[PDB]
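Residue numbers (my numbering), protein chains in the order written: chain S, 443 to 988; chain F, 1186 to 1594. In what follows, a single structure is set out as structure tokens and then discussed.
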Amino acid sequence: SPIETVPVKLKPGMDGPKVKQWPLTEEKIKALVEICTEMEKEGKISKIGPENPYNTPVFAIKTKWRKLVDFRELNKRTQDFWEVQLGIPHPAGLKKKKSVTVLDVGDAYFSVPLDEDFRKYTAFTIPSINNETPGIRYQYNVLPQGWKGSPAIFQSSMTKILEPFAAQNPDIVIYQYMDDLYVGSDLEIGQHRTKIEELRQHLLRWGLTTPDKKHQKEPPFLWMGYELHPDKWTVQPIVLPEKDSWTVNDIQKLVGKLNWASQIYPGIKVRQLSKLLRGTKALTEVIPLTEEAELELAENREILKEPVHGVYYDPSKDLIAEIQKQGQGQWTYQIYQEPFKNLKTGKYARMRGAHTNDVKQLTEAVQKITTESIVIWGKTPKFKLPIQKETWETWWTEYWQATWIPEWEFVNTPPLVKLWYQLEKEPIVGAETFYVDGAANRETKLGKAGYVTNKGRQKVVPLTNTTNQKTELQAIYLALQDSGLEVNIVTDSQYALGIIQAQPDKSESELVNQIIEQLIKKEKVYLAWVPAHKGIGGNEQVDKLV
Amino acid sequence: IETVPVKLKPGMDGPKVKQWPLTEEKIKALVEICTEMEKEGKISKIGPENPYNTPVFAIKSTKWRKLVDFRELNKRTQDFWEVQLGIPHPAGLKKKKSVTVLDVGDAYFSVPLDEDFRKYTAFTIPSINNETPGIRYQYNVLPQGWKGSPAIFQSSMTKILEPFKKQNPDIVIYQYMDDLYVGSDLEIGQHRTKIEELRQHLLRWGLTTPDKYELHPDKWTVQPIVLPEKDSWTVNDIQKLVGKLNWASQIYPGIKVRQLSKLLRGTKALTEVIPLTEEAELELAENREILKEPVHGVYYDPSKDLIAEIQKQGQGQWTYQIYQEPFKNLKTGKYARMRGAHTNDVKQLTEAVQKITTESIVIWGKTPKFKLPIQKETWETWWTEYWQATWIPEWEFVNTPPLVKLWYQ
Ligand SMILES: N#Cc1ccc2c(Oc3ccccc3OCCn3ccc(=O)[nH]c3=O)cc(F)cc2c1
Ligand SMILES: [Mg+2]
């Protein structure tokens, strides 16, 4: 009540809400006047004599009716505020305290006074006697529920009411979150209970009620989908439904639960389950689950059968993070400080790059984990990674991008990250030289792929249902098939040269996978490029053939 | 101390950028720096009724400076503060035999900022793990990194500098935000003594400068492309040469290549040697003579902001081109510096970007938007670790540049 108000404007040019009242049923009108006389006696609202042009509607709903006040037309018109704390603390980032209590602030918004000049814009009206008589005219003296400014003004008002108490108690830790205060301390019990009663009295002096020690929440705390325990944290228990049929809505809910669990349960995989969502977004469209998807789901149920817990942060200990590969471009990791307990866990996936590579994906995962470490603890982990120094050094030296590689050390746990093949940097003396080309018709969608070599060999292969780029990859696949373990290849396609000079380990296109196999098998492969249709020689004859 | 009113371009709200997560060390440096600035009056804490936010960073030489990213507030003010309080850009600064840069941002911190405008300079010091909503400030004086600060101060600056200009007519002095470029054709010792003269003159009038770093824009601008000059050429070398000339031909009108193409008449093996014809040298030498000239008809366009592309070359080298339209380069060059115990791809890239931006400022008075070859989130994490300029270029992150890596070195 004595709290300093936060000044509040209307948006420029805009003026306050004038909205006609809807008719109200007889049972609701008296039930509203009943709440209003009590809110007035408490000073939260006040009657007005209509020199005030504004009005907004008032609904009622329910052994105790509650009052509702639609405020969209006013929230449309008031100024923006500082955005109200997006996100929440991660329990892996909390530090243990010998005592923790949770105070619910009751009537939170109605305890903080509204700015005076702005109050006139919250006027509302109760119709009386079937619109035969004028109704009462109230207006708010405190933050309305559902007003656009209430959460942020209450946040800063609370932060200002806590200032003297934090100043007098440097060692006590307070977390704000909406209606709640979370107080932790290393005081011996009883001294902590005394400090909690001190803070409660200080809060009540500013007009903020809080639960009695008989009503304060008991550990473990059920908070935002976590179980917060005195010495460990975990997610609240996950339930995966068993259904005879699955809509896109159900697969969304399931993928969400599985991602949520993945922060503490290691090894959860989401690739095949989410490939089901790649199609049209119609929410009710029933989709059969695929074989690999139900295998993934059962393998997830296997990990979720056994409960798992995480530990809280200790600043004195080093921050270690370890990464393991799984199938189809999936990676899992643990952030930990101690050998048998994790701070948290997680996953990463290649997220729709058409062709990728194990070292690139491992680097992107280290990037994701570095960003998570900075967010959650304000530092970056020491890394333990399944890759040798020569492998990563060779990749980051050949690679066209710049890249930061943090301090890391080898962990010889298979699968290992390796370079599966290397193109030669210079042409191979003594190795056959294929000139290759491929061409297709964009309308009829049939094409040809072929090659011509310096030994004198020539070949052409028909193709149905193909595209002009797919044929040029097919021509290279042909030269790889028909050569010895050392082969020079000369293509006229920028696209194929880009796909293959990236040295992918994997692709969503089966033809590129079939090329990758041949590249791992061949001992040496030099790939060269020349412009098409320039009569270069070699390429001229291959282009004539196709 | 009467504030200059500051108005935004019509229909334009204030900046509302998100503030990056920062490590605990950098948050502590920002908290100390701001705790001091608040009691010097330069900044003040603000309430929930201020919605705007601008990003803040901490950089380093052995102590932490704060660095505000005013790019969004600059787009929404200075573009109407270039048409109104714009700073003309001399064309002689690109020609002087030497150019030194001097930091003079401290001068802004006396001058009050317009009372109605301060809300738009709000910034947030993050908490770790969202423990708290951040510490929340706004500026009460002209902020460094805002492009309105030099524009408001420029009358005082041209006044303070005028007697030194009358003493030394041939020196060139240009101001881009916090920095003062000073160019002379003097011998390097005379140039540095004149720079110290300007430093002492600036001190007598109450402008401190940090030092207690020269450019040479006789740069040989936009270097010609070079063909390899091998003693003997195989089919592979001729193929790479013909493809490189063919890419050049979409830039240089007169390239001829047919008598190099007939030189590979057969379906030869890649490593077979081929003698060059008396006809084929007519291609090679003449394409070299035509490759050793500037492109005709390439002019700088004020209406269109500059673009800069970079390509990693290996061995610590980086090629770059500043251009406004494709294949119409206004400048190209190569950055190269390495120390094995002190260099990596991001350090080299950030140093190259600062060097290119400095060249761009000396030449045209505005900065390019980079097309950086790096993962987005990697750069967003690590770029501050080697940043040193008070200004920040615009940038985006570009997919693969294929095979041109050989074509630009
Ligand atoms: N309902 C509820 C709720 C409850 C508590 C929350 C919370 O306690 C803390 C407040 C201040 C310092 C540390 C804190 O927690 C450390 C972890 N922790 C938790 C419980 C326990 O018994 N012991 C223990 O070590 C922090 C928080 F971020 C959210 C909280 C939410
Ligand atoms: Mg072709």
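Quick reminder that beta carbons are idealized off the backbone N, C-alpha and C, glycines included.
Close partners of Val871 of chain S in chain F (Cβ separation under 7 Å): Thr1456. The closest CA to that of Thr1575 of chain F, considering only F:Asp1370, F:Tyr1593, F:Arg1250, is found on F:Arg1250. Following the DSSP letters along the chain, one finds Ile1228 of chain F inside the beta strand (DSSP E) bounded by residues 1228-1230. In the structure shown, the three-state DSSP call for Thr812 of chain S is helix. The DSSP-derived three-state label of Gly1330 of chain F is coil. Taking 7 Å as the cut-off, one finds at least one heavy atom of ligand 1 near enough to the beta carbon of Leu670 of chain S.
Spanning the alpha carbons of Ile638 of chain S and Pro757 of chain S requires a straight line of approximately 26 Å. Sequence-distant Cβ neighbours of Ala608 of chain S in its own chain, meaning closer than 7 Å and more than five residues away, are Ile616. Of S:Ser627, S:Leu953, S:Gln770, S:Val712, the smallest CA-CA separation from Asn611 of chain S is found for S:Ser627. Residue contact check for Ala763 of chain S against chain F: no CB pair falls below 8 Å. Short note on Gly980 of chain S: C-beta not closer than 7 Å to any heavy atom of ligand 2. For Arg1256 of chain F, the number of other beta carbons within 10 angstroms of its own is at least 16, and it is reported as buried.
Rounded to whole angstroms, the gap between the alpha carbons of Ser1369 of chain F and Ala807 of chain S is 51 Å. Listed in chain order, the positions of the segment 1562-1575 of chain F with a beta carbon within less than 7 Å of a beta carbon of chain S are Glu1562, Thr1563, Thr1566, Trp1567. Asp622 of chain S has S:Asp546, S:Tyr619 as its beta-bridge partners, per DSSP. In the structure shown, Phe782 of chain S falls within a coil segment according to DSSP collapsed to helix, strand and coil. Of all residues in the segment 1359-1390 of chain F, none comes within less than 9 Å of chain S when Cβ atoms are compared. For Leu536 of chain S, the shortest separation between its Cβ and any heavy atom of ligand 1 lies below 7 Å. Secondary structure within the segment 555-610 of chain S: the alpha helix (DSSP H) runs of 4 or more consecutive residues, fully enclosed, are 592-603, 605-610 (chain order). When the five nearest sequence neighbours on each side are left out, the beta carbons in the same chain lying within less than 6 Å of the beta carbon of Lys659 of chain S are those of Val544, in order along the chain. Remark: fewer than three beta-carbon pairs, one from each stretch, lie closer than 8 Å, so the segment 932-952 of chain S and the segment 901-908 of chain S are not flagged as touching. Under a criterion of Cβ atoms nearer than 9 Å, no residue of chain S is adjacent to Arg1303 of chain F; the nearest Cβ is some 15 Å distant. With distances taken between CA atoms, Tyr624 of chain S lies nearest to S:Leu641 out of S:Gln633, S:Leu641, S:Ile471.
Proximity to ligand 2 was defined by a C-beta distance below 6 Å to any of its heavy atoms, and the residues meeting it, in sequence along the chain, are S:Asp879, S:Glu914, S:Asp934, S:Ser935, S:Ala974. If you check the CB distance, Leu585 of chain S and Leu629 of chain S do not come in under 8 Å. Between the alpha carbons of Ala1526 of chain F and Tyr1571 of chain F lies a distance of about 15 Å. Annotation: Cβ neighbours of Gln527 of chain S in chain F (cutoff 9 Å, chain order): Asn1315, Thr1317, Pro1318. Comparing C-alpha distances from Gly1428 of chain F to each of S:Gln983, S:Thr812, S:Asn497, S:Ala970 shows the shortest one belongs to S:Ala970. According to DSSP, residue pairing for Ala970 of chain S in a beta bridge involves S:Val932. At a Cβ-Cβ threshold of 8 Å, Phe825 of chain S and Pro857 of chain S do not count as neighbours. Listed by position along chain F, the residues whose Cβ is nearer than 7 Å to that of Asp756 of chain S form an empty set, because the closest Cβ is around 14 Å away.
Per DSSP, the unbroken alpha helix (DSSP H) holding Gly1428 of chain F starts and ends at 1420-1433. When 9 Å is used as the limit between beta carbons, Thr1462 of chain F is near no residue of chain S, the shortest such separation being about 14 Å.
Counting along the chain, the unbroken beta strand (DSSP E) around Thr1517 of chain F starts and ends at 1513-1521. For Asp1364 of chain F, the pairing in a beta bridge is given by DSSP as F:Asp1288, F:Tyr1361. In this chain, the beta strand (DSSP E) harbouring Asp879 of chain S covers 874-882.
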